Amino acid sequence: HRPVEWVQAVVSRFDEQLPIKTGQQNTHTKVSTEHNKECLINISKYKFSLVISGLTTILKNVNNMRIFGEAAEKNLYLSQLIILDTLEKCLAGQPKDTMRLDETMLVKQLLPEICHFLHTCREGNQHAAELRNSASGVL
Amino acid sequence: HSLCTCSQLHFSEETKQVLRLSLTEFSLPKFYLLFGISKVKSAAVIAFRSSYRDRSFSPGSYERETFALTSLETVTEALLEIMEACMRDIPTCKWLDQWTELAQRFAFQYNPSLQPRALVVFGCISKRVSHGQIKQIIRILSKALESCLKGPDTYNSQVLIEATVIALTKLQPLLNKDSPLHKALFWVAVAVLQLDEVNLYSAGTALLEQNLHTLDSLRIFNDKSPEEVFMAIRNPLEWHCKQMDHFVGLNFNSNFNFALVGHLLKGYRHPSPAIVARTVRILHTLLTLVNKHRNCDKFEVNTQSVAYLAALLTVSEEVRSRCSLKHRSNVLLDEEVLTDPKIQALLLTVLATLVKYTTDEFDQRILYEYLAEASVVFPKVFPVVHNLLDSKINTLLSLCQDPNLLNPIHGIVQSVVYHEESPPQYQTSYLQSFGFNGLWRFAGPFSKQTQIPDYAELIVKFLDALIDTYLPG
Amino acid sequence: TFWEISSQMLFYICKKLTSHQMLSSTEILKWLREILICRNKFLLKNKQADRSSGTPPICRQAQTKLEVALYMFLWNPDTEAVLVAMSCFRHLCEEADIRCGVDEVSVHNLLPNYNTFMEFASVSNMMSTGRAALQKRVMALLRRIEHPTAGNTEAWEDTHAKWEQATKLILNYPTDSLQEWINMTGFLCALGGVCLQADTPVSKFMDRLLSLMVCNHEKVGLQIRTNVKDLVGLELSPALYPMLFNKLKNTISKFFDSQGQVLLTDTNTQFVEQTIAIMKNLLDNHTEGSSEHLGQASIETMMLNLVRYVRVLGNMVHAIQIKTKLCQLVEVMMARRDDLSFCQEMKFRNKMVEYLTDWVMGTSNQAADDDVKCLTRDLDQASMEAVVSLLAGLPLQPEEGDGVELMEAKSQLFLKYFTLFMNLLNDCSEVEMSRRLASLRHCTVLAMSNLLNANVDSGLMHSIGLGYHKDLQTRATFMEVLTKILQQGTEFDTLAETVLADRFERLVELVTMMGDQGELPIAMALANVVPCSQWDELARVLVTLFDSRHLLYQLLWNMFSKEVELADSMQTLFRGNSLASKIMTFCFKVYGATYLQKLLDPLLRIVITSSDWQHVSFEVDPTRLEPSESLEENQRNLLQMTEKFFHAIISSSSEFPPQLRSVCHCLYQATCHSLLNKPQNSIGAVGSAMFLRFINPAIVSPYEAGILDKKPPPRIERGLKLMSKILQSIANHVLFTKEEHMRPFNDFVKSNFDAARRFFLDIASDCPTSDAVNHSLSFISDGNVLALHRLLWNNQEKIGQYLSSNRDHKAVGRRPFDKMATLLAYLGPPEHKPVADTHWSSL
Ligand SMILES: [Zn+2]
């Protein structure tokens, strides 16, 4: 009962430390905010379905976000970079359960958002280069 | 001063040195506070007024400080020190026997303005007490409680209780060496801690602490363990006792050591930093007695001696080092000896409770490291510690920014999910089944809305039976 | 090849860093750190397999530059750069251990400032804070570099040339540029002492420094002065006071023309106002090591000249505030009077009172008709506080400009001041601001009381009229004073021998309270609470007092045990500076002096003067070996001389003072107890320790110890030096390693290894409790007691707090804190100290 609500806190704290989201200087030299990731990665091994689904919505929200300015673009670029890198580690980290019954998330939630980057994405000559490189490893 | 400069009396040169030190002591800022004239540079000036012939005095500032019956003991024993020095020289003096008689007359007579002060003094000076006297004192406490709940005037009779307890703390070391009440005054102390008032709690420990010290000097714990002695004398009046345990939410038949510790844990919430160290000493003295019964080096871990080590964990360094967490001598939480489901459900509630109200970095660090390690070594019983840990961890996860304190909490979350996927064998209400449903409640802070918990209607009957059984007449 | 090349790389890179600032400098440093880590391991493993590890000149010529570049980064503006640089001192230290494991032989000889460097490490491991806060900690540690070194004396000079040139750019040109200038100055002040020792680089620093306090520069002039005042006061190295004062004095002396006429000038007035702020902060702060250096210089002549200039300044809102501050300086100068040095204390205190009474003028703000001059009220309030402090214990002495009977002169002098105070007292009456008058009136009576006590003979007659004064509060005070005057004896009269002896008899009992199981809470607590500045006074008093009580053994066991148990390096800390350490120094010096001189003296006559010895060189160095003298002759003579000294030391076991005998036993028990918790011999460490610190120093330089009036000839001096090395080796049972020069002598030491053990054991064999050895001298020790009571009164409150924290198990009513407050109040405030005719002197 409670522990499910404990995981939400670890996930929820993840959103509020994405650069595009107000930084609020909670990084505490990034040691505090980095530790949270390691927990989020570790929890996925036993609640894979829950964690992955939560991550997708965080990515989906970031995509449907409009911001203008040199600061604006840089924040979102670094924002999506962390999500993808974390997301790949969860997949790789997960033991070879080889459970092929994840269709629900893949068909609708996940594939459309990963596929979006693979397009040319000519917004940034240097940024889009990394996103495709990072996203492809996920796929 | 008149004593030091009197010719009728012939004090040797030894005595006169005692007096002169007393003369200096009374003029220190310590005694200005006791008399209640602190913030007064010199007493003489205030006592006299220059323009006392021309105009009448003009009092003001009706705001008036309070008095504490503990202050009266300190003064009342300073005077008693002076008087005895004199009686050494004066042969066949009658001073002390005349003063006692005056106190004994107001002590046992109803007067709500003089009775409390005449009890704190009757005991501090008296040299002999008989069974007939003790019964009256303990029956002034029984009527004091009854008035409190009946009427709306509380503070009036909340000092006649604190004064009865302070007297008993002084009159016991004079009792006969073979009297039952030497042991039945362990339940008076316990029945007073249950009233949830900072003064009543403070006075209750002082009776408890000396109750152990006296029984040792009588060599009563030589061949028996605390549980055996106090639980043997409670048997004749078990019927009234049983009902109290139901409402306070602790049981003494199920597990003695834990019930006794349960009450003392509230001491950690006392505003005065002098009552905090007194409850720690009472724990050591209890720890050194249970192990001595088993000849176990005073720091061995067993079923009996595990409750007092969780309480001493965060205050006593020798306890922490000699009982160390395995995943950094023997290590607390051993599953070889702590192989009983009950004896390991309670030991977790004590640890969870100590952090629910604590607010200190050094304490939260030490207590959580023992809770992570508990999460793994005791997977099955740990789900009985969620609601206690539920709220505070949830806040810590969101806002905490300390690597030292943020590590163990994460270890707790990971363990919970891992050992999930099974139908909970033990629910949160596992403790209410066998009595200790109130253990976490009894250690809360002292209520600002001072009121008798209203289950004092039973403490009266318990006391009444206690008199009837051991003081027939 | 590794050290040939790897070391040569460092020499190239380090020399680049020092030369000038580069953008990536803070990065090369992080890389330079790991190189040091990575060449310790190769030395560590290399030494393990085969010590044989070579140290060619390049290894030295490149070790220097590494240090010369690690100091100059401490004042670097970048916070990260300085923190990293501090951490790089460990790897400079840890290399010392590997090359030579034994601490004393090399760890304090190859790397003289070994102990301080370890402190840099701890400060680095702290939370980041602004450059100012960090600079405070850096400059503290930079001030404790005791030993001159090539790295120090060249880090100081190299950064001086940079400092000099940088200054010109700032001034000549008609914020980040300035901040660097501040950092270089502070560094170059805290670390001044090392380069100390006519025209010199250090001296030129001061002159330029003083020539900036008056720097009038429209652009940035204000900020320069605000910081030079701030540094020279709160940051100068205590090793430079004797030079600051002398230059500070000479600058003033030329403000006065011939015939002593002040030459007012606007800059001259700005210079004095600065010399007051510098002196006040300099004197106000009590720091470690400052006291010993205040003594050298004479601050009198500067102080007198300072007032005259302020005396003639005139009256105005500006000049009045200067008068105020100077008066407050004279108050602080009279709280340190015991530390300072005075050629003529009395003749100087009288003039100041003469010069200060003129400024206390009341009711001058009403005639002035301006409330803007209400400050003049503050000047009178400030002036009196100075006169109170000046007068406390001051006999009067009239200037002999005219010849009259001395007694007649004084009585006239006394009445001069008495009426002055009386007149100011009448005005302050409320009937004739309430807080101002209350304080001023209070002061004016305390000032009068101090005047009478010192001069009862010449001033009682003039003073009786205060009995019937018109102010009731004032009549009580005059009566209290005379109560003392009667109670104090007129002559010696053996009146303190009876009254004071009995009155203060109980005091020692409280201090000597035998805490259960040797706790001694008063002494132990008094140790920590007392500020480190007075550790000299505290050490002497405790040792002297306990000896009188025949309980010296008890104090040592308690004091040493905490230090030794706390730090397993028992021997190292004792030689270091600390309260426990200083106890040893007093013990050896006070009792050892007689023992050493009596023993060594007869031998010194033989070698120095006897014609039989004639002229011979006690040298075995082949490089210095003279062909004229045969090596065999020198070797045999030197060995023969050593036997003479060695035999005398062993024979004179009985003459050892009992005090040290007790001292050795406590250390023996401490190490023996230390061994138990941990084939090391306790005697071996004790014997080497005692010999190295007590016997060895006298032999090397007997003249400095005072054994010999005339300095021994250098040729005679060499034999003593080599003698010590041979003797010291015997204690450690160490043969000559890489010491072929003295290897032939290694044969001699073998026989005497057993003999040395017997001498050490005899002293170490004294009974732990001297039940048999008894000396019930029980001397009064009147002089010492007064200081002890004086010490307690000053720290009455703070020592209580330490007692309050502990002792909860038992009520303190029968324990020190209750006893202390009762007795201490009973005795009342201590009397003022008497003046010192002699110059300032120390142990
Ligand atoms: Zn001189």
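Each reported figure results from applying straightforward, stated rules to the coordinates on display, with no laboratory input. Quick reminder, even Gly has a Cβ in these numbers, built from the backbone with ideal geometry, and neighbours come from all protein chains shown.
The table below gives the values:
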item: Residue ID - surrounded by the fewest Cβ atoms within 10 Å (Cβ to Cβ), chosen from residues in region A:26-43 that are at the interface with chain B (Cβ under 10 Å from one of its Cβ atoms) and not in a helix (DSSP H, G or I); result: A:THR29
item: Pairs with Cβ under 7 Å, 6+ apart, first in region C:594-616 and under 17 Å from C:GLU643 (Cα atoms), second exposed (fewer than 12 other Cβ atoms within 10 Å of the Cβ); result: C:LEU599/C:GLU655
item: Tally of residues being over 16 Å from A:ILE82 (Cα atoms), polar (S, T, N, Q) and facing another protein chain (nearest Cβ under 10 Å) across region A:1-24; result: 1
item: Meets criteria (buried (at least 17 other Cβ atoms within 10 Å of the Cβ), over 19 Å from A:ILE43 (Cα atoms) and within 11 Å of another protein chain (Cβ to nearest Cβ)) for B:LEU367; result: no
item: Single unsatisfied condition, B:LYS41 versus (1) among the basic types (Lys, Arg); (2) in a loop (DSSP other than H, G, I, E, B); (3) surrounded by 11 or more Cβ atoms within 10 Å (Cβ to Cβ); result: (3)
item: Any hit, region A:9-25, residues being among the aromatic types (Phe, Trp, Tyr) and part of a loop (DSSP other than H, G, I, E, B); result: no
item: Residues satisfying the stated conditions in region B:403-420, i.e. part of a loop (DSSP other than H, G, I, E, B) and more than 8 Å from every other protein chain (Cβ to nearest Cβ); result: B:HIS419
item: Single condition C:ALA523 does not satisfy, out of (1) surrounded by fewer than 20 Cβ atoms within 10 Å (Cβ to Cβ); (2) within 25 Å of the chain's Cα centre (by Cα); (3) of a type outside the set (D, E, K, R); result: (1)
item: Residues satisfying the stated conditions in region B:424-473, i.e. of a type outside the set (A, V, I, L, M), under 23 Å from the mean Cα position of the chain (by Cα), closer than 17 Å to B:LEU348 by Cα and part of a helix (DSSP H, G or I); result: B:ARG441, B:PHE442
item: Qualifying residue in region B:434-446 (condition: closer than 22 Å to B:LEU264 by Cβ and either charged (D, E, K, R) or surrounded by fewer than 13 Cβ atoms within 10 Å (Cβ to Cβ) (or both)); result: yes
item: Unique residue being more than 30 Å from C:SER364 (Cβ to Cβ) and either among the basic types (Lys, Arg) or buried (at least 17 other Cβ atoms within 10 Å of the Cβ) (or both) when the list is C:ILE320, C:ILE278; result: C:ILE278
item: Residues of region C:612-666 satisfying the condition of being under 17 Å from C:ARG743 (Cβ atoms) and of a type in the set (S, T, N, Q); result: C:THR623, C:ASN634, C:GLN635, C:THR642
item: Only listed residue being β-branched (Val, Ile, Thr) and over 25 Å from C:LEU379 (Cβ atoms), chosen from C:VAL456, C:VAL431, C:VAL445; result: C:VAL456
item: Options C:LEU304, C:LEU340, C:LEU313, C:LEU326: the member that is of a type in the set (A, V, I, L, M), more than 14 Å from every other protein chain (Cβ to nearest Cβ), farther than 21 Å from C:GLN397 by Cα and within 16 Å of the ligand (Cβ to nearest atom); result: C:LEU340
item: Options A:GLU130, A:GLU123, A:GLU113; residue that is among the acidic types (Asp, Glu) and assigned to a loop (DSSP other than H, G, I, E, B); result: A:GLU123
item: Close pairs (6 angstrom Cβ cut-off, 6 or more residues apart or separate chains): over 17 Å from C:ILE276 (Cα atoms) in region C:290-310, of a type in the set (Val, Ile, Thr) and away from the ligand (no atom under 16 Å from the Cβ) anywhere; result: none
item: Given (1) exposed (fewer than 14 other Cβ atoms within 10 Å of the Cβ); (2) more than 14 Å from chain B (Cβ to nearest Cβ), index of the condition C:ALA811 fails; result: (2)
item: Conditions (1) within 30 Å of C:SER578 (Cα to Cα); (2) assigned to a loop (DSSP other than H, G, I, E, B): number failed by C:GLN259; result: (1)
item: Residue count for region C:343-367, restricted to those that are charged (D, E, K, R), within 16 Å of the ligand (Cβ to nearest atom) and either exposed (fewer than 13 other Cβ atoms within 10 Å of the Cβ) or within 14 Å of another protein chain (Cβ to nearest Cβ) (or both); result: 1
item: Subset of region B:391-402 (residues that are part of a helix (DSSP H, G or I), facing chain A (nearest Cβ under 7 Å) and surrounded by fewer than 16 Cβ atoms within 10 Å (Cβ to Cβ)); result: B:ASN394, B:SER398
